[PDB]
Amino acid sequence: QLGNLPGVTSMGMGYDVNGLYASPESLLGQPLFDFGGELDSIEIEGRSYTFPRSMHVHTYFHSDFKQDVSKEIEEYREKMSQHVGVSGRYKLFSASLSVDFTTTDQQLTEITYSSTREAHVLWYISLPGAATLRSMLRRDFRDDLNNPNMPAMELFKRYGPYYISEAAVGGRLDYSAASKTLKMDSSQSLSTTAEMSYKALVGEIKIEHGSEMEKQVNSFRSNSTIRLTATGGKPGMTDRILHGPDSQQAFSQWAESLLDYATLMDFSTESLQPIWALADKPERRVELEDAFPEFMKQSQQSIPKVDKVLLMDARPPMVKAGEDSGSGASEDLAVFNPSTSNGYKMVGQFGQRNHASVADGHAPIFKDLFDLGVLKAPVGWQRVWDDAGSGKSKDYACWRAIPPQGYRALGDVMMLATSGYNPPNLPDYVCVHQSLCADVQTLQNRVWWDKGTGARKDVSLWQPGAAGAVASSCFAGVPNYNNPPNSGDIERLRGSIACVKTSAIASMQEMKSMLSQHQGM
Amino acid sequence: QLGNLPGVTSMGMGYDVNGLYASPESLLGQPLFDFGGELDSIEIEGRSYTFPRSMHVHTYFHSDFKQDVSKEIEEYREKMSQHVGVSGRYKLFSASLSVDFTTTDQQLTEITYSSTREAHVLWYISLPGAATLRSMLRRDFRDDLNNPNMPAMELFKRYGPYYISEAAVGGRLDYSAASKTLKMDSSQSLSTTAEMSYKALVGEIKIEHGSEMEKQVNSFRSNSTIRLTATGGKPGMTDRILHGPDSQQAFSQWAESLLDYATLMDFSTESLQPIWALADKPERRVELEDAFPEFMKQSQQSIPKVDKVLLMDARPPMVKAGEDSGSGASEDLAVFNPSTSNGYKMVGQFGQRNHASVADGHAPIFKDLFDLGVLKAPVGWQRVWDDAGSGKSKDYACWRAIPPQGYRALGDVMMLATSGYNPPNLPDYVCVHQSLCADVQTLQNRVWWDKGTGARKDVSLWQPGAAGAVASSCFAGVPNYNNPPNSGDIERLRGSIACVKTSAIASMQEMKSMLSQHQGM
Amino acid sequence: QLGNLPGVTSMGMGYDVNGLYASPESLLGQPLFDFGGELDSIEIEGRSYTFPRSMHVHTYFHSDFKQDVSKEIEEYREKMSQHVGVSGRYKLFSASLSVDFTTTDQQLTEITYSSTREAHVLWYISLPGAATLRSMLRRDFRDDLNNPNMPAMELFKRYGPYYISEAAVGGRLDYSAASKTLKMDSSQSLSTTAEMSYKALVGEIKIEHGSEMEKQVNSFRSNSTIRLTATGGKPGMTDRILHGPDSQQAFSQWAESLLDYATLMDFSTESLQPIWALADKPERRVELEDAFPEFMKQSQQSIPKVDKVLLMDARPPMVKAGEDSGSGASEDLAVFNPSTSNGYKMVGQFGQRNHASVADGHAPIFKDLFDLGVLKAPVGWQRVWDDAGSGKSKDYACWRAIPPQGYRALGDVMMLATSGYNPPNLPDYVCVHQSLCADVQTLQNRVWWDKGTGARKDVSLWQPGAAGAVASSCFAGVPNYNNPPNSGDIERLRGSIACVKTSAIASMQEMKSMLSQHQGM
């Protein structure tokens, strides 16, 4: 097809709707239409550009800004496919996913997927409707399209199920981010932070050193995998814009280059039009259209997800962390911390109704394997109970982790035989994100209570449990001697203490096995 | 000429942007462009059509539904002008106002303006962009457009400041309503009621007799002025659809007629394009564009409004409505109702510190002249005070109108020397809509209090007042003997009692005079 | 991409050197080079074009006129292959032969082959030299090119032995003619007539009705097979330029279209460059270059020729055409004409030294089977001898055909016992073109002489012969009694009388057999 206006060669081409988003790379071989040799022209900066009179050109020298953001990869895919002309609610452009995101991040959970796109439109080119184009078909496309013995799948492989009917021409930048939001001071919206980061990068804004915006953007950048992909424009500029020496200059070079390097780079609601509408016979239009779901079947499969994000070690070394000796409580209590290393973290104490030097069991430790921020340190500690009133010279207390917003603690910590109510000093204690935990349902197998001590306040240490949660090795204080604890005592724990789901957890070996069924990890 | 496809003759014509909404009646004389003598032909549902090669046709047999609704005429006008391609925030299509609404309703206040439009699109026709059309100008338009000595105003008179670049072709119905919402059980949104009324009318829905939807639609219809205007389609059908025997059939006749009577009838965001974009020189584009505000000046004037909606009689006959004789209160109290007739309404009692048979002053009465529902009966009455504990055989009480939602009472009513606490029986008492009233600011010139009566509860009758409100002749009870009342006593009155604004009020003669400066009233 | 400058996609492509002359149709699949993604832009007649920085563009809006003309097909082929960059003396572009000429004309002899080409160059595109391109090879081409186990033949099949290094871009017309010049008033050169015919066709000249040039061009056209082939330019124009109603307008449409339809259409001396020069190792360059002769072997076969263009009937009916009765010559003479029909032609009389009613032998007759104009009537007849002075009342004469320019007579005709010196009246007597004849070498087997008649002038009839000529059945007069005739008598015959070559002649059966080995005749 004819004339020298950039983009003209993309018009009326078949498109791989499962390929890249609005890129020439996903155009398919054969032109579908013969657009006629008569040409129109337009003047741009002193020069003439020609294109077929059968196309319409609308100059719009301006920037379209778009964001698709989601915590859920499948919703991201849907959002990215909206308003490009493909009827149905298909997840299109599957090949762009691996352009925009690592295969690991696609499959990881707790990742936010953002595509922040700035389209530098020079002009839009648009074709006539199906019924006009019907008389403009190239010979072998017309034959294949209208042959009833040419099956839909072949037709769609040869020509694409959709063709380019309208396109924005110029250059586009895609600032795509896989963000670990749980690590990210998450007050301001991710999409706004992404916008600002992109705009600072290309110099549309300057961020003042030491600002709140700088903090927010630095957090985004250092806790995301970020790519910059250019469709159209001078090639090999994106590495310099993203990282390299002078990003604002490299960007302005790409921007000023657009007229010489313009390509199809964006879609509107009318961009992709089905080839079936071009068929002569209604029966053929319909049979081709009916076949689209099966053509798309492979592309509509979900991305596989890694739900098992906590690496468990159920038998770490247990070290003694106090006895209730001197407390005057009838029962003996000893507590034990698990020793932690290699990024494994404590979630609770192991408790015993005795004074032994050795733990009766093990408190598991968990590691945030994929560094998603699903484990986060507590913001502080509060008292479930202390021995005020017992008159004993030494002090005995039950403490709770105060979790940061969105997280939960899995077990309390006793501080026994102390000089003053010293709070837990447990650098490797963490709370676990809500998403991985279930609210406590049962409280069973009482470890201990303070009765006999003669303290005003009361406490009993109980083993929490939930539907689907790991059989806990930890305890939670209830401020009374109810046996068993009632649903009011269980309600009190909601939002603060929880149990960790089996679906979020795996041992060293279960993790190896689960991961070996996910490509590129 | 330009082929036989309906709509083609509208394309590339100047448009009166101050005329009707997307109608051929507002096309302007001179063709702007030479579209080539070459024609395409197209088959559209069994019929053959021709049109210029340079235009694009998109067939889409479907209905677009749109609503612009507002309580404020100027906002309605803005809403109606959105997304038709005219940059700026201009109020377009001023001539449609008198098509859609009576001149009275336009100027009345408390009216909700709705345009509910159903566009029956057969196809869209669209032109090239400005830059392509630049080489396709007719000779005299090119000369005038580009001549620097041809002033903007003439150019705009001759050609229109905007031209039709894209249009929907078929037929449109405009179901336009001037609704008196204060009379209208206003729980469900007006726009939804308007939608349902239109849809029932043309048979897209059926409304079940005795339903909630029927009540809502009946209320809409009998408290609105409603018009149905057709652009395109067989003429003289709107009367039968709106009123006459079988509106669903009359509508289906208009709908099936559209192929023979199709015209330009709707605009999209790209429909109206400025002629200035067609000028060769940037200086000329700019000077033409700068002249647009003055071209539009007359059209942007506000619609004149009737703010004075209450007809006041400040000196009606006062009739006695009781004394505190037998109450044992130190002070004497007598109260007087104004006599009401001819749709004039009582808003409060006149109160006196004496036992006279004659009123010392007058309590004004007000008439809802334009039947806007700005006066509405109270939903009930509650007691500010009674004489419980005084031990007197007869009863004495101060009552407040409980206003319906959105209204306010202007004065309380005493019930004095009664057998049981009988509530006021005042068929012509009304509350006044919020919009016409100001919250009470002062409480002055105490009329009376009950001290001496020996009742547990206390009351003092005070004259309310506000900045800009008519000097009240009524009273309000405060449940204590504070002298003067404090800001807590004044706060208690907020949302219940108010004073009526001078701006909402006029005497018989002021109303005649004010109305004589509004056309058609 | 490689930019939008027409021609760019042809650059650095393999070329089928045995295909068409400078056409995109003979480009071969895989691009050889990676030209860099950096693009220059250039202004060409108001329009902007892009192309790879590594290529050079030279605009030169002009017409190159070229003719390759030859009587000999193999020389035509050589001429057409000159100055395109292919070292050696190869006959290139063999596929253009059947584009330009019918297969019959290719194989026929006495055909003049002309290609008259008018190349409308817009620009040249040129690549770097071999040594620069060596670092720009695509991966698989580099691997194959430099792999010593990849044989030359495969390499050449996959990539082509030569690539496009420099090309003219625009449109070319090829006015190709297979001319039967022997039918063609051949005074002015064929190449000039071809030039004028082409130039009149496209309107670069107008030829005046009734002119010498009109006669010459009409003769060319009606005695040639003529084709017009366009490389580049608006397609489907050549039929109208060649034949149809307005050829000068159709040509001007093609000419003004060139900018929109420009392609590679001409080669210069640097256009085709060998792939072997791109190989890293000199040993590899050499082995690839050594293999070129065998790659080209099939293409260098000669076109099969039909040299046997006279259909002979050696035994036609012989009818008596006079005796020398009454002449007084000692010897008897009788002569016989062969009867002619069906386009067979007489070349001479049979002569006898007797008075018999029956011929002692046969004079062959010949037919111009392929209508090449190898036989042409004589322009007149002159006397070798008459019986003036014998005093006999009746007359006796020997006549010679005066051949038209370029032809020869094979035998004389006696006119015996006539009333007045009446010249031969032999409508079917012809001379034979020079090309098929050999000058007379011997004169043997005297038939007769006039001695005894007593005529001033003398004559002897001798049988002519030559190396390679058919043993003649005809005679030639020598104006004396030399026995045998001397080399002066033989010289006198040169340019006028000749003998017909065995190589030009075949009987009905030999012709059938010879023709059955030539496809499509």
# chains A, B, ... in the order shown; residues from 1 in each chain; ligands from 1
>>> residues_around(residues="residue 157 (chain A)", least_positions_apart="4", cutoff="12 Å", atoms="only C-alpha atoms", output="list in words")
residues 14, 15, 16, 17, 18, 27, 28, 29, 30, 144, 145, 150, 151, 152, 153, 161, 162, 275, 292, 295 and 296 of chain A
>>> write_last_selection(atoms="N, CA and C atoms", output="compact mmCIF listing (two decimals), in the first residue's frame")
# COMPACT_ATOMS: atom_id res chain seq x y z
N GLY A 14 -3.75 -7.78 8.76
CA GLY A 14 -4.10 -8.72 9.84
C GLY A 14 -3.26 -8.51 11.06
N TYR A 15 -3.83 -8.80 12.22
CA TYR A 15 -3.13 -8.60 13.49
C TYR A 15 -3.22 -9.80 14.37
N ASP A 16 -2.10 -10.14 15.01
CA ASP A 16 -2.08 -11.18 16.00
C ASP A 16 -2.62 -10.61 17.30
N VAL A 17 -3.89 -10.86 17.56
CA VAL A 17 -4.55 -10.32 18.75
C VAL A 17 -4.01 -10.91 20.05
N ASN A 18 -3.27 -12.01 19.92
CA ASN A 18 -2.55 -12.61 21.06
C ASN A 18 -1.09 -12.20 21.14
N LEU A 27 1.86 -7.39 13.35
CA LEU A 27 1.20 -7.37 12.06
C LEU A 27 1.52 -8.69 11.35
N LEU A 28 0.58 -9.15 10.54
CA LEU A 28 0.66 -10.43 9.89
C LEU A 28 0.75 -10.20 8.41
N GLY A 29 1.32 -11.16 7.71
CA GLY A 29 2.03 -10.91 6.46
C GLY A 29 1.34 -10.14 5.35
N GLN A 30 0.34 -10.80 4.79
CA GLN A 30 -0.35 -10.33 3.57
C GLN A 30 -1.27 -9.11 3.87
N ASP A 144 -9.85 -17.15 -0.07
CA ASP A 144 -9.79 -17.90 1.19
C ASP A 144 -10.93 -17.54 2.13
N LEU A 145 -11.14 -16.24 2.30
CA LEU A 145 -12.19 -15.72 3.18
C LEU A 145 -13.56 -16.30 2.82
N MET A 150 -12.42 -23.63 3.31
CA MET A 150 -11.27 -23.12 4.04
C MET A 150 -11.66 -22.98 5.51
N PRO A 151 -11.11 -23.83 6.39
CA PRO A 151 -11.60 -23.74 7.77
C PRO A 151 -11.13 -22.48 8.52
N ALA A 152 -11.95 -22.04 9.47
CA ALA A 152 -11.69 -20.85 10.29
C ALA A 152 -10.28 -20.77 10.87
N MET A 153 -9.78 -21.88 11.41
CA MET A 153 -8.45 -21.88 12.04
C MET A 153 -7.32 -21.50 11.06
N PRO A 161 -7.54 -13.08 12.79
CA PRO A 161 -9.00 -12.94 12.91
C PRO A 161 -9.48 -11.50 12.87
N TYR A 162 -8.60 -10.57 13.17
CA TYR A 162 -8.89 -9.15 13.16
C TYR A 162 -7.84 -8.45 12.33
N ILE A 275 -12.26 -9.96 10.62
CA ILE A 275 -12.29 -10.31 9.20
C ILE A 275 -13.61 -10.95 8.81
N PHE A 292 -14.11 -18.23 16.75
CA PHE A 292 -13.17 -17.38 17.47
C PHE A 292 -12.85 -17.88 18.89
N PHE A 295 -10.19 -20.56 18.54
CA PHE A 295 -8.92 -19.92 18.16
C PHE A 295 -8.23 -19.32 19.39
N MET A 296 -9.02 -18.70 20.27
CA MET A 296 -8.53 -18.00 21.47
C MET A 296 -8.31 -18.86 22.71
>>> interface_residues(of="chain C", to="chain A", cutoff="10 Å", atoms="only C-alpha atoms", output="PyMOL selection string")
chain C and resi 1-6+36-51+234-235+257+259-261
>>> select_by_dssp(residues="region 168-416 of chain C", states="strand (DSSP E)", output="PyMOL selection string")
chain C and resi 168-179+224-231+263-266+272-274+310-313+318-323+334-338+344-346+350-352+365-368+375-376+380-386+395-402+407-408+413-416
>>> closest_residue(among="C:336, C:19, C:112, C:416", to="residue 395 (chain C)", atoms="only C-alpha atoms")
C:416
>>> select_by_dssp(residues="region 263-509 of chain B", states="alpha helix (DSSP H)", output="list in words")
residues 282, 283, 284, 285, 286, 287, 288, 289, 290, 292, 293, 294, 295, 296, 487, 488, 489, 490, 491, 492, 508 and 509 of chain B
>>> closest_residue(among="A:308, A:120, A:400, A:297", to="residue 502 (chain A)", atoms="only C-alpha atoms")
A:308
>>> residues_around(residues="region 441-449 of chain C", least_positions_apart="2", cutoff="7 Å", atoms="only C-alpha atoms", output="VMD selection string")
chain C and resid 331 333 351 to 353 439 451 459 to 466 485 490
>>> write_last_selection(atoms="C-alpha atoms", output="mmCIF file, in the first residue's frame")
data_model
loop_
_atom_site.group_PDB
_atom_site.id
_atom_site.type_symbol
_atom_site.label_atom_id
_atom_site.label_comp_id
_atom_site.auth_asym_id
_atom_site.auth_seq_id
_atom_site.Cartn_x
_atom_site.Cartn_y
_atom_site.Cartn_z
ATOM 1 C CA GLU C 331 23.053 -26.546 -80.484
ATOM 2 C CA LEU C 333 18.122 -25.403 -76.337
ATOM 3 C CA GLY C 351 17.888 -25.845 -69.302
ATOM 4 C CA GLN C 352 18.582 -28.641 -71.826
ATOM 5 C CA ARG C 353 20.774 -29.096 -74.891
ATOM 6 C CA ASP C 439 28.344 -16.290 -54.195
ATOM 7 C CA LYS C 451 27.350 -20.075 -81.635
ATOM 8 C CA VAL C 459 26.123 -16.214 -74.526
ATOM 9 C CA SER C 460 26.796 -19.523 -72.834
ATOM 10 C CA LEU C 461 24.528 -21.072 -70.179
ATOM 11 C CA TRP C 462 26.417 -22.615 -67.271
ATOM 12 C CA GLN C 463 25.396 -24.391 -64.057
ATOM 13 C CA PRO C 464 26.431 -22.378 -61.009
ATOM 14 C CA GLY C 465 27.799 -23.962 -57.817
ATOM 15 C CA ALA C 466 29.333 -23.107 -54.489
ATOM 16 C CA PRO C 485 34.590 -19.605 -67.653
ATOM 17 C CA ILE C 490 32.552 -15.611 -62.033
#
>>> residues_around(residues="residue 401 (chain B)", least_positions_apart="3", cutoff="7 Å", atoms="only C-alpha atoms", output="ChimeraX atom specification")
/B:378,380-382,409,412
>>> write_last_selection(atoms="N, CA and C atoms", output="PDB file, in the first residue's frame")
ATOM      1  N   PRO B 378     -47.137  20.752  56.480  1.00  0.00           N
ATOM      2  CA  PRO B 378     -46.273  20.046  57.426  1.00  0.00           C
ATOM      3  C   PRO B 378     -46.659  18.582  57.498  1.00  0.00           C
ATOM      4  N   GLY B 380     -46.504  16.965  60.315  1.00  0.00           N
ATOM      5  CA  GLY B 380     -47.085  16.817  61.629  1.00  0.00           C
ATOM      6  C   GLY B 380     -46.708  17.954  62.533  1.00  0.00           C
ATOM      7  N   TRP B 381     -47.082  17.785  63.793  1.00  0.00           N
ATOM      8  CA  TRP B 381     -46.821  18.777  64.796  1.00  0.00           C
ATOM      9  C   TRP B 381     -46.272  18.133  66.057  1.00  0.00           C
ATOM     10  N   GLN B 382     -45.245  18.766  66.624  1.00  0.00           N
ATOM     11  CA  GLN B 382     -44.716  18.372  67.923  1.00  0.00           C
ATOM     12  C   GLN B 382     -44.725  19.515  68.911  1.00  0.00           C
ATOM     13  N   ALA B 409     -40.312  25.492  58.855  1.00  0.00           N
ATOM     14  CA  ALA B 409     -41.440  26.237  59.391  1.00  0.00           C
ATOM     15  C   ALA B 409     -40.973  27.630  59.787  1.00  0.00           C
ATOM     16  N   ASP B 412     -44.287  29.152  65.191  1.00  0.00           N
ATOM     17  CA  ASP B 412     -45.010  28.174  65.993  1.00  0.00           C
ATOM     18  C   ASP B 412     -46.445  28.606  66.189  1.00  0.00           C
TER      19      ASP B 412
END
>>> residues_around(residues="residue 421 (chain B)", least_positions_apart="2", cutoff="12 Å", atoms="only C-alpha atoms", output="compact mmCIF listing (two decimals) with C-alpha atoms, in the first residue's frame")
# COMPACT_ATOMS: atom_id res chain seq x y z
CA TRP B 381 -46.82 18.78 64.80
CA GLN B 382 -44.72 18.37 67.92
CA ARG B 383 -44.70 20.11 71.27
CA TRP B 385 -43.92 23.01 75.52
CA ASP B 386 -47.03 22.22 77.50
CA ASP B 387 -48.44 23.19 80.98
CA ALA B 388 -48.02 19.73 82.57
CA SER B 393 -57.75 22.21 84.59
CA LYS B 394 -57.31 23.51 81.04
CA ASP B 395 -54.20 22.96 78.91
CA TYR B 396 -51.79 25.34 77.19
CA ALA B 397 -49.16 24.32 74.65
CA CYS B 398 -46.70 25.56 72.06
CA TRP B 399 -46.57 23.48 68.87
CA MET B 414 -49.96 28.13 70.52
CA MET B 415 -52.95 26.11 71.62
CA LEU B 416 -54.41 27.81 74.67
CA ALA B 417 -57.15 26.84 77.15
CA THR B 418 -57.85 23.46 75.60
CA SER B 419 -59.46 20.26 76.86
CA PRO B 423 -52.81 19.75 68.17
CA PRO B 424 -53.19 22.64 65.70
>>> residues_around(residues="residue 190 (chain A)", least_positions_apart="2", cutoff="10 Å", atoms="only C-alpha atoms", output="number ranges by chain")
A: 69-70, 112-114, 179, 181, 184, 186-188, 192-196, 216-217, 220
>>> write_last_selection(atoms="C-alpha atoms", output="PDB file, in the first residue's frame")
ATOM      1  CA  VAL A  69      -2.988  -1.450  37.129  1.00  0.00           C
ATOM      2  CA  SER A  70      -3.962  -4.519  39.111  1.00  0.00           C
ATOM      3  CA  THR A 112       1.038  -5.419  41.467  1.00  0.00           C
ATOM      4  CA  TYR A 113       1.206  -5.219  37.687  1.00  0.00           C
ATOM      5  CA  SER A 114       1.212  -1.743  36.118  1.00  0.00           C
ATOM      6  CA  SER A 179       5.622  -3.938  42.232  1.00  0.00           C
ATOM      7  CA  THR A 181       3.436  -3.260  47.310  1.00  0.00           C
ATOM      8  CA  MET A 184       6.116  -0.011  49.855  1.00  0.00           C
ATOM      9  CA  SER A 186       1.567   2.059  50.834  1.00  0.00           C
ATOM     10  CA  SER A 187      -0.444   5.230  51.645  1.00  0.00           C
ATOM     11  CA  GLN A 188      -0.561   6.989  48.202  1.00  0.00           C
ATOM     12  CA  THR A 192      -0.130   7.705  40.965  1.00  0.00           C
ATOM     13  CA  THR A 193       3.367   6.745  42.201  1.00  0.00           C
ATOM     14  CA  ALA A 194       3.955   4.936  38.907  1.00  0.00           C
ATOM     15  CA  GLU A 195       2.753   7.996  36.987  1.00  0.00           C
ATOM     16  CA  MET A 196       5.084  10.286  38.935  1.00  0.00           C
ATOM     17  CA  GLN A 216       7.250   7.435  47.391  1.00  0.00           C
ATOM     18  CA  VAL A 217       8.925   7.087  43.954  1.00  0.00           C
ATOM     19  CA  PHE A 220       8.296   2.171  44.015  1.00  0.00           C
TER      20      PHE A 220
END
>>> atom_distance(atom1="CA of residue 130 (chain B)", atom2="CA of residue 163 (chain B)")
10.5 Å
>>> atom_distance(atom1="CA of residue 345 (chain C)", atom2="CA of residue 405 (chain C)")
18.7 Å
>>> closest_residue(among="A:269, A:223, A:517, A:59", to="residue 132 (chain B)", atoms="only C-alpha atoms")
A:59
